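The next block holds one structure in the form of structure tokens; read it before the comments.
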Amino acid sequence: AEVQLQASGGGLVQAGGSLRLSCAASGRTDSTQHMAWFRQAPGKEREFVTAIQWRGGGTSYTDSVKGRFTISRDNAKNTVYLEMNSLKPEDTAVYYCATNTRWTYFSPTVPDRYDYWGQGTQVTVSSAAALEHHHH
Amino acid sequence: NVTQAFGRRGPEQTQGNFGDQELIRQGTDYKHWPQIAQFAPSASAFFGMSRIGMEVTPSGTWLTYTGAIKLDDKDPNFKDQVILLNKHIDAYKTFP
Amino acid sequence: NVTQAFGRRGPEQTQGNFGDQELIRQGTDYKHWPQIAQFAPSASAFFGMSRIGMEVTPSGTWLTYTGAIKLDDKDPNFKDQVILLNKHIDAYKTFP
């Protein structure tokens, strides 16, 4: 457990709303080569969302989130952000950030190629149903 | 020309990030290109000092690389070289 | 000799990882070196396709670079080219 990942930023928003997920890396961050985000919707398989190179900063995205999601990292701190705009009901899922240690140029897209994992963050996009939650 | 040959400058892994609009449009005809090209490694140097990989992805099979070139601090034009290189690194972020 | 010019092959980012014992010892006189050198980028390709950066460390100021060169599966020698490149990528792990 050389590297620890702290994830946050999940919430409940309406369609078209925005959220920002964060994944702060601690420990031996020097060995980190790629940081990625995965998501799992109800009754569906874990799907790759986005990833970033820890050194160079090159980014990758799955087709369904291109243009709406943007991953970023200021090179001096070990916290990566995933800005999620124009959220759709299909984005409702549990989001997981992960890191690896093997150097590759392209960020891997399968969970087994990542070594360290953060806590799941729940993201829910609801059609005029947050009102009841606001009241409670 | 640079855009036509390699693509638009951007933050993605499938894109390069080097070059302002002047270098992008002119390319090798850019006035200061020889001063930049001197840092480009030769074939023997490229395969000798870099970390090489073979990566098969949905897009295809790729010869990948990563490395770093130490700039000579005793070079008389060391300071101008840094300015020129920094002048083009991630300049697309400043594009209007 | 590759080791004298570009250092030992190793697992570090500071270290190159390309070259088996024959290529290290022979260098450019290796029989299939031209078949490898063809994949090295030109000056324009290097600065056009690679993701470039700059770091000021105690060891000095470094021009960092990384990129991916697509291999053409269409080339008739694609299989041989992949075999040749894989022969030298991370070959140091099996060195005495």
Side-chain angles (χ1 to χ4, degrees), chain B residues 1-7 9-19 23-24 27-28 33-34 36-57 59-73 78-79 81-82 85-86 88-90, chain C residues 1-3 5-7 9-19 23-24 27-28 33-34 36-57 59-74 78 81-83 85-86 88-90:
Chain B
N1 194 350
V2 170
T3 301
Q4 298 175 164
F6 317 113
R9 269 74 278 275
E12 299 202 21
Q13 292 162 32
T14 63
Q15 297 170 325
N17 69 332
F18 192 85
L23 177 56
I24 285 172
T28 59
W33 174 245
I36 304 176
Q38 65 182 126
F39 300 108
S42 64
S44 52
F46 171 79
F47 279 104
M49 67 179 51
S50 314
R51 287 201 42 90
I52 310 288
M54 183 73 62
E55 297 179 27
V56 188
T57 66
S59 55
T61 303
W62 300 76
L63 185 69
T64 58
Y65 54 93
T66 188
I69 303 156
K70 192 178 186 177
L71 314 180
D72 190 14
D73 54 302
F78 169 75
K79 300 188 67 175
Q81 291 164 351
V82 172
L85 292 168
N86 281 344
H88 299 281
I89 292 175
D90 284 331
Chain C
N1 198 335
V2 177
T3 47
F6 313 111
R9 266 77 275 278
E12 303 178 8
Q13 288 188 8
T14 58
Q15 271 183 124
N17 70 338
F18 190 87
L23 176 57
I24 290 172
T28 57
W33 169 243
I36 306 172
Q38 57 178 188
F39 300 115
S42 60
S44 57
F46 179 77
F47 281 105
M49 296 159 44
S50 313
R51 304 199 50 87
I52 312 284
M54 187 84 64
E55 283 186 0
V56 185
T57 67
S59 49
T61 302
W62 296 77
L63 185 72
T64 68
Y65 64 90
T66 182
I69 304 153
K70 185 172 182 297
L71 302 188
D72 193 16
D73 57 334
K74 299 179 187 165
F78 174 68
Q81 292 159 351
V82 169
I83 290 174
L85 293 167
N86 285 324
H88 301 284
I89 292 170
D90 290 322

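Only this structure's heavy atoms are used, side chains among them; waters, hydrogens and symmetry mates stay out. Naming: A, B, ... by sequence-line order, numbering from 1 per chain.
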Test item: C:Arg51 side-chain N/O and B:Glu12 main-chain N/O as donor-acceptor pair under 3.5 Å: yes
Side chain / backbone / both / neither for C:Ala5 at chain B, heavy atoms under 4.5 Å: neither
Spacing of CD belonging to B:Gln13 relative to OG1 belonging to C:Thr66, to within rounding of 0.5 Å: 9.0 Å
Interatomic distance, C:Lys70 atom NZ to B:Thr57 atom OG1 [nearest 0.5 angstrom]: 9.0 Å
Nearest heavy atoms of B:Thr64 and C:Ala68, plus distance in Å: CG2-CB, 3.8 Å
Closest non-hydrogen atom pair, C:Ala43 against B:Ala37: CB-CB, 3.9 Å
Side chain, backbone, both or neither of B:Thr3 within contact of chain C (heavy atoms, under 4.5 Å): neither
Min side-chain heavy-atom separation B:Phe39-C:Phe46 under 4.5 Å: no
Contacting moiety of C:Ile89, where chain B heavy atoms sit under 4.5 Å: side chain
Validation row: B:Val2, C:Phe47 side chains within 4.5 angstrom (heavy atoms): no
Top contributor to chain C interface from B:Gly19, B:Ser42, B:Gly27, B:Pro41 [non-hydrogen pairs under 4.5 Å]: B:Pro41
Selection from B:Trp62, B:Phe18, B:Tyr65, B:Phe6 maximising heavy-atom pairs under 4.5 Å formed with chain C: B:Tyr65
Segment of C:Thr28 engaging chain B (4.5 angstrom heavy-atom cut-off): side chain
Distance in Å, C:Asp73 CG paired with B:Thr61 OG1, rounded so as to fall on 0.5 Å steps: 7.0 Å
Check: C:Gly48 main-chain N/O paired with B:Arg9 side-chain donor or acceptor under 3.5 Å: yes
B:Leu71 vs C:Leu63 side-chain heavy atoms within contact, under 4.5 Å: yes
Region of C:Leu23 that comes under 4.5 Å of a non-hydrogen atom in chain B: neither
Part of C:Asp90 lying under 4.5 Å from any heavy atom of chain B: side chain
Under 4.5 Å from any heavy atom of chain B - which part of C:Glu55: neither
C:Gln15 versus chain B, the contacting section by heavy-atom distance below 4.5 Å: backbone
B:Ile24, part contacting chain C, at a heavy-atom distance under 4.5 Å: neither
Contact leader toward chain B among C:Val82, C:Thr14, C:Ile36, where contacts are heavy-atom pairs under 4.5 Å: C:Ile36
